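Engineer: As input, take target-v3.txt (compact mmCIF, C-alpha atoms):
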```
# COMPACT_ATOMS: atom_id res chain seq x y z
CA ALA A 1 -11.64 -2.31 13.52
CA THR A 2 -13.01 0.22 10.96
CA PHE A 3 -10.90 1.48 8.06
CA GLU A 4 -12.31 4.47 6.20
CA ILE A 5 -10.77 4.34 2.70
CA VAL A 6 -11.03 7.80 1.03
CA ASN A 7 -10.09 8.58 -2.58
CA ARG A 8 -8.98 12.25 -2.62
CA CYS A 9 -7.39 11.59 -6.08
CA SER A 10 -8.79 13.50 -9.11
CA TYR A 11 -9.03 10.00 -10.72
CA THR A 12 -10.96 6.82 -9.95
CA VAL A 13 -9.13 4.09 -8.01
CA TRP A 14 -10.19 0.57 -7.16
CA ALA A 15 -9.37 0.10 -3.46
CA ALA A 16 -8.31 -3.38 -2.34
CA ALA A 17 -7.94 -4.94 1.10
CA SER A 18 -6.38 -8.37 1.65
CA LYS A 19 -4.36 -10.38 4.21
CA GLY A 20 -2.80 -12.39 1.34
CA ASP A 21 -4.91 -15.62 1.53
CA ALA A 22 -8.27 -13.76 2.00
CA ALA A 23 -10.20 -10.61 1.19
CA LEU A 24 -10.66 -8.07 4.00
CA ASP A 25 -14.41 -7.16 4.12
CA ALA A 26 -15.54 -7.06 0.43
CA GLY A 27 -11.79 -7.01 -0.60
CA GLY A 28 -12.25 -4.32 -3.26
CA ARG A 29 -14.34 -1.44 -4.61
CA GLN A 30 -14.40 1.37 -7.17
CA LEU A 31 -13.75 4.73 -5.49
CA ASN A 32 -14.57 7.75 -7.67
CA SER A 33 -12.87 11.05 -6.70
CA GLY A 34 -13.99 11.96 -3.16
CA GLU A 35 -15.79 8.65 -2.41
CA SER A 36 -15.35 6.97 1.00
CA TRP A 37 -15.53 3.20 1.63
CA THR A 38 -15.77 2.01 5.24
CA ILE A 39 -14.63 -1.60 5.81
CA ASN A 40 -14.59 -3.75 8.95
CA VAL A 41 -11.31 -5.70 9.56
CA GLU A 42 -11.46 -8.57 12.12
CA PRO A 43 -9.45 -7.94 15.29
CA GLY A 44 -6.17 -9.94 15.40
CA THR A 45 -5.81 -9.50 11.59
CA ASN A 46 -2.10 -10.14 10.89
CA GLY A 47 -0.40 -8.88 7.68
CA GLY A 48 -3.41 -6.84 6.48
CA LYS A 49 -2.77 -4.69 3.39
CA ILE A 50 -4.71 -1.91 1.67
CA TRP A 51 -3.76 -0.42 -1.66
CA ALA A 52 -5.15 1.37 -4.66
CA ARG A 53 -5.43 0.02 -8.22
CA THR A 54 -5.43 2.31 -11.28
CA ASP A 55 -6.99 2.02 -14.79
CA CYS A 56 -9.26 -0.97 -14.08
CA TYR A 57 -11.82 -2.61 -16.35
CA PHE A 58 -14.30 -5.04 -14.63
CA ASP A 59 -17.20 -6.85 -16.37
CA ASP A 60 -20.57 -7.67 -14.69
CA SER A 61 -18.98 -10.64 -12.74
CA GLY A 62 -16.12 -8.61 -11.01
CA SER A 63 -13.43 -10.00 -13.39
CA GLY A 64 -11.03 -7.82 -15.39
CA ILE A 65 -7.70 -6.02 -15.13
CA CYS A 66 -5.83 -3.08 -13.48
CA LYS A 67 -2.59 -1.50 -14.72
CA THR A 68 -1.40 -1.31 -11.05
CA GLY A 69 -2.19 -3.54 -8.05
CA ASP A 70 -4.15 -6.16 -10.06
CA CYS A 71 -5.01 -9.09 -7.72
CA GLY A 72 -5.55 -11.96 -10.25
CA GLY A 73 -8.10 -9.95 -12.34
CA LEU A 74 -10.61 -9.58 -9.44
CA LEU A 75 -12.58 -6.51 -8.25
CA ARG A 76 -12.80 -8.24 -4.78
CA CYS A 77 -9.10 -9.04 -3.96
CA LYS A 78 -8.43 -12.35 -2.09
CA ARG A 79 -4.67 -12.07 -2.86
CA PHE A 80 -2.07 -9.30 -2.85
CA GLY A 81 -1.86 -6.98 -5.80
CA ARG A 82 0.72 -6.81 -8.60
CA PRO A 83 3.09 -4.14 -7.13
CA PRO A 84 3.73 -1.29 -8.30
CA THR A 85 1.59 -0.74 -5.14
CA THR A 86 1.97 1.80 -2.37
CA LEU A 87 0.99 -0.38 0.67
CA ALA A 88 -0.91 0.48 3.82
CA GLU A 89 0.22 -2.43 6.09
CA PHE A 90 -1.28 -3.42 9.43
CA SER A 91 -1.16 -6.12 12.08
CA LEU A 92 -3.97 -5.60 14.66
CA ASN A 93 -4.38 -6.67 18.36
CA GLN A 94 -0.78 -8.09 18.44
CA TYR A 95 -0.08 -8.57 22.20
CA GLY A 96 -2.36 -5.52 22.91
CA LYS A 97 -0.93 -3.27 20.12
CA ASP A 98 -1.77 -2.39 16.47
CA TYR A 99 1.20 -2.00 14.06
CA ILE A 100 0.79 0.18 10.94
CA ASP A 101 3.18 1.27 8.22
CA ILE A 102 3.42 2.43 4.67
CA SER A 103 5.73 0.39 2.40
CA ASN A 104 7.37 1.14 -0.97
CA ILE A 105 8.90 -2.38 -0.87
CA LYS A 106 6.41 -3.33 -3.67
CA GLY A 107 6.99 0.06 -5.32
CA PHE A 108 4.63 3.05 -5.59
CA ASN A 109 1.50 3.80 -7.69
CA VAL A 110 -0.63 6.21 -5.59
CA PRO A 111 0.30 8.67 -2.79
CA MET A 112 -1.17 7.66 0.53
CA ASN A 113 -1.89 8.78 4.09
CA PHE A 114 -2.43 6.02 6.68
CA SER A 115 -3.72 7.60 9.96
CA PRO A 116 -5.60 6.41 13.04
CA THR A 117 -9.03 8.02 13.64
CA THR A 118 -8.70 7.14 17.37
CA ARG A 119 -6.01 8.69 19.66
CA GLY A 120 -2.62 7.36 20.97
CA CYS A 121 -0.37 7.42 17.89
CA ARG A 122 0.46 9.37 14.70
CA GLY A 123 -0.21 8.57 11.03
CA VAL A 124 2.28 8.01 8.21
CA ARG A 125 2.34 9.49 4.75
CA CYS A 126 4.07 8.82 1.45
CA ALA A 127 2.68 11.69 -0.74
CA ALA A 128 5.80 12.77 -2.74
CA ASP A 129 5.54 12.56 -6.58
CA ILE A 130 7.49 9.20 -6.72
CA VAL A 131 5.98 8.38 -10.18
CA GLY A 132 7.06 11.77 -11.61
CA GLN A 133 10.60 11.41 -10.19
CA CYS A 134 10.85 7.62 -10.75
CA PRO A 135 14.27 6.50 -12.08
CA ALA A 136 13.90 5.42 -15.74
CA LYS A 137 14.68 1.69 -15.10
CA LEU A 138 11.93 1.41 -12.40
CA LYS A 139 9.19 3.21 -14.43
CA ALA A 140 6.21 0.83 -14.88
CA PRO A 141 4.75 1.41 -18.40
CA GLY A 142 1.18 0.93 -17.03
CA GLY A 143 1.85 3.78 -14.53
CA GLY A 144 3.73 3.85 -11.22
CA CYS A 145 7.29 3.21 -9.99
CA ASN A 146 8.50 -0.40 -9.38
CA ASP A 147 10.79 -1.42 -6.51
CA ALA A 148 14.20 -2.74 -7.75
CA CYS A 149 13.35 -6.29 -6.49
CA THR A 150 10.29 -6.57 -8.85
CA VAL A 151 12.38 -5.22 -11.80
CA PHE A 152 15.76 -6.98 -11.29
CA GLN A 153 14.94 -10.06 -9.17
CA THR A 154 18.34 -10.03 -7.36
CA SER A 155 19.22 -11.29 -3.85
CA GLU A 156 20.47 -7.80 -2.93
CA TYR A 157 17.22 -6.03 -4.01
CA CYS A 158 14.82 -8.76 -2.73
CA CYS A 159 16.90 -9.42 0.46
CA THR A 160 16.67 -13.20 -0.19
CA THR A 161 19.55 -14.21 2.19
CA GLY A 162 18.05 -11.86 4.85
CA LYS A 163 21.35 -9.92 4.50
CA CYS A 164 21.30 -6.84 2.27
CA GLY A 165 21.90 -3.12 2.33
CA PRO A 166 20.23 -0.02 1.02
CA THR A 167 20.66 0.58 -2.74
CA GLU A 168 20.56 3.52 -5.16
CA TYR A 169 16.95 2.39 -5.88
CA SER A 170 15.83 1.95 -2.20
CA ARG A 171 17.42 5.41 -1.39
CA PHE A 172 15.33 7.08 -4.12
CA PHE A 173 12.12 5.78 -2.42
CA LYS A 174 13.57 6.64 1.07
CA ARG A 175 14.63 10.22 0.04
CA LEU A 176 11.07 11.02 -1.24
CA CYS A 177 9.19 9.08 1.55
CA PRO A 178 11.39 8.75 4.63
CA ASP A 179 8.35 7.53 6.66
CA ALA A 180 7.87 4.42 4.38
CA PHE A 181 9.85 1.12 4.10
CA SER A 182 12.24 1.50 1.12
CA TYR A 183 13.59 -2.12 1.27
CA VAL A 184 13.09 -5.26 3.38
CA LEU A 185 15.69 -4.41 6.11
CA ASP A 186 14.96 -0.64 6.15
CA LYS A 187 15.15 0.79 9.71
CA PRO A 188 11.46 0.24 10.67
CA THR A 189 8.96 3.12 10.19
CA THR A 190 6.32 0.87 11.83
CA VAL A 191 4.07 3.03 14.07
CA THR A 192 2.74 1.43 17.32
CA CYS A 193 -1.02 2.14 18.01
CA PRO A 194 -3.31 1.04 20.85
CA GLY A 195 -4.96 -2.34 20.17
CA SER A 196 -8.37 -1.91 18.36
CA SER A 197 -7.54 1.55 16.97
CA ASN A 198 -9.61 2.65 13.95
CA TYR A 199 -7.98 4.06 10.78
CA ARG A 200 -8.33 6.19 7.69
CA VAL A 201 -6.45 5.42 4.46
CA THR A 202 -6.47 8.49 2.17
CA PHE A 203 -5.37 8.22 -1.50
CA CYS A 204 -3.87 11.55 -2.79
CA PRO A 205 -3.97 13.09 0.72
CA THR A 206 -2.50 16.44 -0.57
CA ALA A 207 -3.43 16.43 -4.32
```
What's the structure tokens form of this structure?
Structural biologist:
Amino acid sequence: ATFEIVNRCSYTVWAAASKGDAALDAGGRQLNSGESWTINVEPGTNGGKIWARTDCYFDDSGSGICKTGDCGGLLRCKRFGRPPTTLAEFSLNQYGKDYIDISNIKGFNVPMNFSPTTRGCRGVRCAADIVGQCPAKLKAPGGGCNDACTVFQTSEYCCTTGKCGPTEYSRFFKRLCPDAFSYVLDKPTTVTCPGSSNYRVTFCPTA
């Protein structure tokens, strides 16, 4: 499957693509404002994630640091990024279907559109100003809006027993982006696509 990753932000981001134990395609790249990066993701990829990183410094070797979505100091992510991270999430060719979503479960750094470029299902978007509106206790100093689980490390927020409810914090994310996961047991906003759909992830789809 092809993912076109487009940075419509006025600022540079460092796109990342990982399935948690491995990079997807190069795993990461600088996107200046307006740049497009096309990656190939192996069919049957389960638990794929794409995100943006902000305010990165990388040396000649691809080692450095991001204020959001840092994946162990690497340009080319092998691991998931240090939330806050708006997440494009995908499981591909799963009994003949692709499953896509956006998640705020790991918080929010960059607004995002996640849409197929093939037909047979709709895209999802979380493009509200969640950073601007972020409750004070979730504000990440480095930029972005943390989920309550990252900040407070409780069973309720992290859903550790597999029993928990919505929260004041999850409802903030859900009110601004109804079409994204706000917490682990949120009523699914997973979209079902045809197997072997192609996609576009757009950072700052409206801005």
Engineer: Using only C-alpha atoms and a cutoff of 7 Å, can you tell me which residues are near (-2.6, -1.0, 4.1) in the file's coordinates, and write them out as a VMD selection string?
Structural biologist: chain A and resid 48 to 51 87 to 90 102
Engineer: Name all residues at most 6 Å from residue A:98 (count all atoms listed in the file; drop same-chain ones fewer than 3 positions away) and give them as a PyMOL selection string.
Structural biologist: chain A and resi 91-93+192-195
Engineer: Take the residues just selected and output them with C-alpha atoms as a PDB file, keeping the file's coordinate frame.
Structural biologist:
```pdb
ATOM      1  CA  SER A  91      -1.160  -6.120  12.080  1.00  0.00           C
ATOM      2  CA  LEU A  92      -3.970  -5.600  14.660  1.00  0.00           C
ATOM      3  CA  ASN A  93      -4.380  -6.670  18.360  1.00  0.00           C
ATOM      4  CA  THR A 192       2.740   1.430  17.320  1.00  0.00           C
ATOM      5  CA  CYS A 193      -1.020   2.140  18.010  1.00  0.00           C
ATOM      6  CA  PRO A 194      -3.310   1.040  20.850  1.00  0.00           C
ATOM      7  CA  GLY A 195      -4.960  -2.340  20.170  1.00  0.00           C
TER       8      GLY A 195
END
```
Engineer: Pick the closest to residue A:121 from A:66, A:201, A:191, A:177: which is it, counting only C-alpha atoms?
Structural biologist: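 When distances to residue A:121 are compared using only C-alpha atoms, the smallest one comes from A:191.
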Engineer: From the list A:108, A:157, A:80, A:3, which residue is nearest residue A:21 when using all atoms listed in the file?
Structural biologist: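 Among the listed residues, A:80 lies closest to residue A:21.
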Engineer: Using only C-alpha atoms and a cutoff of 7 Å, can you tell me which residues are near (-7.4, -6.2, 6.9) in the file's coordinates, and write them out as an NGL selection string?
Structural biologist: :A and (17-19 or 24 or 41 or 45 or 48-49)
Engineer: When you look at stretch 58-63 of chain A with a cut-off of 8 Å (counting only C-alpha atoms), what residues show up, excluding the ones that are within fewer than 2 positions of it in the same chain? I need them as a list in words.
Structural biologist: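 Those residues are residues 56, 65, 73, 74, 75 and 76 of chain A.
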Engineer: Pick from A:100, A:6, A:127, A:77: nearest to residue A:47, with all atoms listed in the file counted?
Structural biologist: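 Closest to residue A:47, using all atoms listed in the file: A:100.
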Engineer: As JSON, numbers by chain, please: the residues near residue A:116 (cut-off 7 Å, all atoms listed in the file, same-chain neighbours under 4 positions excluded).
Structural biologist: {"A": [122, 123, 197, 198, 199, 200]}
Engineer: Return the padded bounding box of stretch 23-35 of chain A as AutoDock Vina command-line options: axis-aligned, built from all atoms listed in the file, 3 Å added on each side, with centre and edge lengths in Å to one decimal.
Structural biologist:
```
--center_x -13.0 --center_y 0.7 --center_z -1.8 --size_x 11.6 --size_y 28.6 --size_z 17.8
```
Engineer: Quick one: residues within 9 Å of residue A:110, all atoms listed in the file counted, chain neighbours fewer than 5 positions away excluded, as a ChimeraX atom specification?
Structural biologist: /A:9,51-54,85-86,126-127,129-131,144,203-204
Engineer: Quick one, how far is atom CA of residue A:190 from atom CA of residue A:143?
Structural biologist: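 Spanning atom CA of residue A:190 to atom CA of residue A:143 is a straight-line distance of 26.9 Å.
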Engineer: Suppose you want the space between atom CA of residue A:109 and atom CA of residue A:25; what is it in Å?
Structural biologist: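 We find that atom CA of residue A:109 and atom CA of residue A:25 lie 22.6 Å from each other.
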Engineer: What does the distance from atom CA of residue A:176 to atom CA of residue A:13 come to in Å, to one decimal?
Structural biologist: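 Atom CA of residue A:13 lies at a distance of 22.4 Å from atom CA of residue A:176.
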Engineer: Give me, as a ChimeraX atom specification, all polymer residues having an atom no more than 7 Å from residue A:173, counting all atoms listed in the file and skipping those fewer than 4 positions away in the same chain.
Structural biologist: /A:104,169,177,182
Engineer: Rebuild stretch 60-80 of chain A so that it carries N, CA, C and O atoms, then output the result as a compact mmCIF listing (two decimals), in the frame of the given file.
Structural biologist:
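To be explicit, this is the file written out as rebuild-v6.txt:
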```txt
# COMPACT_ATOMS: atom_id res chain seq x y z
N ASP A 60 -19.41 -7.53 -15.60
CA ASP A 60 -20.57 -7.67 -14.69
C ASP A 60 -20.22 -8.63 -13.54
O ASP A 60 -20.84 -8.47 -12.48
N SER A 61 -19.28 -9.56 -13.72
CA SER A 61 -18.98 -10.64 -12.74
C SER A 61 -17.91 -10.22 -11.71
O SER A 61 -17.73 -10.98 -10.73
N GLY A 62 -17.23 -9.07 -11.89
CA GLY A 62 -16.12 -8.61 -11.01
C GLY A 62 -14.77 -9.15 -11.47
O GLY A 62 -13.84 -9.25 -10.64
N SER A 63 -14.66 -9.48 -12.75
CA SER A 63 -13.43 -10.00 -13.39
C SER A 63 -12.93 -8.99 -14.41
O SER A 63 -13.75 -8.50 -15.22
N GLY A 64 -11.62 -8.74 -14.41
CA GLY A 64 -11.03 -7.82 -15.39
C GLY A 64 -9.57 -7.60 -15.15
O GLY A 64 -8.82 -8.62 -14.95
N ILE A 65 -9.15 -6.33 -15.16
CA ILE A 65 -7.70 -6.02 -15.13
C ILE A 65 -7.47 -4.57 -14.69
O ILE A 65 -8.30 -3.68 -15.06
N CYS A 66 -6.39 -4.38 -13.91
CA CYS A 66 -5.83 -3.08 -13.48
C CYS A 66 -4.40 -2.97 -13.99
O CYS A 66 -3.66 -4.02 -14.07
N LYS A 67 -3.97 -1.74 -14.24
CA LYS A 67 -2.59 -1.50 -14.72
C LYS A 67 -1.65 -1.55 -13.53
O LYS A 67 -0.45 -1.96 -13.76
N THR A 68 -2.13 -1.16 -12.33
CA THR A 68 -1.40 -1.31 -11.05
C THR A 68 -2.27 -2.02 -10.01
O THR A 68 -3.55 -1.79 -9.95
N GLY A 69 -1.61 -2.85 -9.21
CA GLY A 69 -2.19 -3.54 -8.05
C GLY A 69 -3.23 -4.58 -8.41
O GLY A 69 -4.02 -5.00 -7.46
N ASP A 70 -3.22 -5.07 -9.64
CA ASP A 70 -4.15 -6.16 -10.06
C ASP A 70 -3.98 -7.35 -9.13
O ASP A 70 -2.77 -7.86 -8.93
N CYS A 71 -5.08 -7.85 -8.55
CA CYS A 71 -5.01 -9.09 -7.72
C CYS A 71 -5.71 -10.25 -8.45
O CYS A 71 -6.90 -10.59 -8.12
N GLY A 72 -5.02 -10.84 -9.43
CA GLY A 72 -5.55 -11.96 -10.25
C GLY A 72 -6.82 -11.60 -11.01
O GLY A 72 -7.67 -12.50 -11.22
N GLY A 73 -6.97 -10.34 -11.46
CA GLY A 73 -8.10 -9.95 -12.34
C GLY A 73 -9.41 -9.80 -11.58
O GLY A 73 -10.48 -9.69 -12.23
N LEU A 74 -9.37 -9.70 -10.25
CA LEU A 74 -10.61 -9.58 -9.44
C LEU A 74 -10.82 -8.15 -8.92
O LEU A 74 -9.81 -7.46 -8.49
N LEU A 75 -12.08 -7.72 -8.96
CA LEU A 75 -12.58 -6.51 -8.25
C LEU A 75 -12.37 -6.75 -6.75
O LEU A 75 -11.66 -5.91 -6.10
N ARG A 76 -12.91 -7.86 -6.22
CA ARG A 76 -12.80 -8.24 -4.78
C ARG A 76 -11.53 -9.08 -4.55
O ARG A 76 -11.61 -10.35 -4.69
N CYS A 77 -10.43 -8.41 -4.19
CA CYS A 77 -9.10 -9.04 -3.96
C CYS A 77 -9.19 -10.09 -2.85
O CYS A 77 -9.68 -9.72 -1.76
N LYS A 78 -8.68 -11.29 -3.11
CA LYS A 78 -8.43 -12.35 -2.09
C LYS A 78 -6.92 -12.41 -1.84
O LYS A 78 -6.50 -12.85 -0.72
N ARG A 79 -6.15 -11.99 -2.85
CA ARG A 79 -4.67 -12.07 -2.86
C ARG A 79 -4.10 -10.66 -2.92
O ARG A 79 -4.86 -9.64 -3.29
N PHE A 80 -2.79 -10.58 -2.69
CA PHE A 80 -2.07 -9.30 -2.85
C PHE A 80 -1.97 -8.94 -4.32
O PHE A 80 -2.03 -9.86 -5.28
```
